[PDB]
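Below you'll find only one chain, the form solved without this ligand, shown as structure tokens.
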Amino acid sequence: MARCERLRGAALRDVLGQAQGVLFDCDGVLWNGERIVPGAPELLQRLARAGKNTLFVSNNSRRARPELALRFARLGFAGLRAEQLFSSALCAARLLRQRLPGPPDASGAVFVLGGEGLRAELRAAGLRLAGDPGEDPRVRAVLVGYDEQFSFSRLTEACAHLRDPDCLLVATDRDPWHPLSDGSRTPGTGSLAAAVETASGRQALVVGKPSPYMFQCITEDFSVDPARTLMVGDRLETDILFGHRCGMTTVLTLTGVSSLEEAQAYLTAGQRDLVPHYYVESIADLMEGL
């Protein structure tokens, strides 16, 4: 039962040694916008050298796997394999492929409220998109992602497809909003998903943290022992909650969305699923254990 203590000194050396791997959230953890978190690449390198597995799990649905891989390299994280990178975009594509196969054939298409990266992730899995060239097949699912082209007419069209009860509704994540480097905020997929759900009268299947699905998607590709895995993230209600649900050890870093006091407030309120085991000022602080 999580106590939100500062991970330093001996405990930190013990926690890292016991670890098989570290699951890292990306935004607010490795970088903020185009500014990397100092020590972050050096941390990853030392982790690898110490033979501790690293994986990356992000609710960001803007970047397909190849562009996310480029971003890591560009910002200075070398030696990563694309296979280590999980976004809600990737896992939505895999969930939709799973739900849409069958003994039946001639499936259908996905209507996507989202950007080019999310679309590209679905095409890479072999799904067809409403609005691509050629045949208009039956729309069999609506996917809601981070959609800067969101509009009333696109909301209306989503709901029309959802009048068919067999048409699925999937959302990449419910993150409600995100910080920008200028201090302003941008609405998150959760706000778009809420509009689509309310207008269509449906409940969405949510793929991203804190949904366990994000973890299944990962364990299909790697063996992960939740007991010996650290889940590291900056957001209490997505990363920490996810970590608790998966039975992992949880580390809040303070470089991102949540504050140490928000965590303490959950603790005093006895909401244990939202309380991290440990916190650090920065993921750079983890290095003193290697």
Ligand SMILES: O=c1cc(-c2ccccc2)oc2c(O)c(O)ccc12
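Quick note: we count residues from 1 along the sequence shown, nothing fancier.
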- Task: Please work out which of 20 to 28 and 264 to 272 has the higher mean CA B-factor as recorded in the PDB entry.
- Result: 264 to 272
- Stretch with the higher entry mean CA B-factor, where the candidates are 90 to 98 and 142 to 150: 90 to 98
- Query: Highest CA temperature factor in the entry: which of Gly233, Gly243, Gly33, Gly51?
  - Reply: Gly51
- Query: Highest CA temperature factor in the entry: which of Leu85, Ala195, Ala106, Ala160?
  - Reply: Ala106
- Check where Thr219 lands among this chain's C-alpha B-factors and tell me if it's the lowest, middle or highest third. highest
- Message: Based on the deposited C-alpha B factors for this chain, I'd like to know if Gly183 is in the lowest, middle or highest third.
- Response: middle
- Message: For the chain shown, is the CA B-factor of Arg46 in the lowest, middle or highest third of its modelled residues?
- Response: highest
- Item | Assigned third (lowest, middle, highest) for the C-alpha B factor of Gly208 | lowest
- Relative to the other modelled residues of the same chain, rank the CA B-factor of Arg228 and answer lowest, middle or highest third. highest
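The form solved in complex with this ligand exists for this protein as well; it is not shown, and the discussion that follows is about that form.
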- Work out which of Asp105, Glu148, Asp182, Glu135 lies within 4.5 Å of this ligand in the bound PDB entry, going by heavy atoms. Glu148
- Query: Does any heavy atom of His178 come within 4.5 Å of a heavy atom of this ligand in the bound PDB entry?
  - Reply: yes
- in the bound PDB entry, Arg62 touching this ligand (heavy atom, 4.5 Å): yes
- Item | Non-hydrogen atom contact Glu237 with this ligand in the bound PDB entry at 4.5 angstroms | no
- Work out which of the listed stretches, 241 to 249, 52 to 60, 222 to 230, 261 to 269, brings a heavy atom within 4.5 angstroms of this ligand in the bound PDB entry. 52 to 60
- What are the residues of 17 to 51, in order along the chain, with a heavy atom within 4.5 Å of this ligand in the bound PDB entry? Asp27
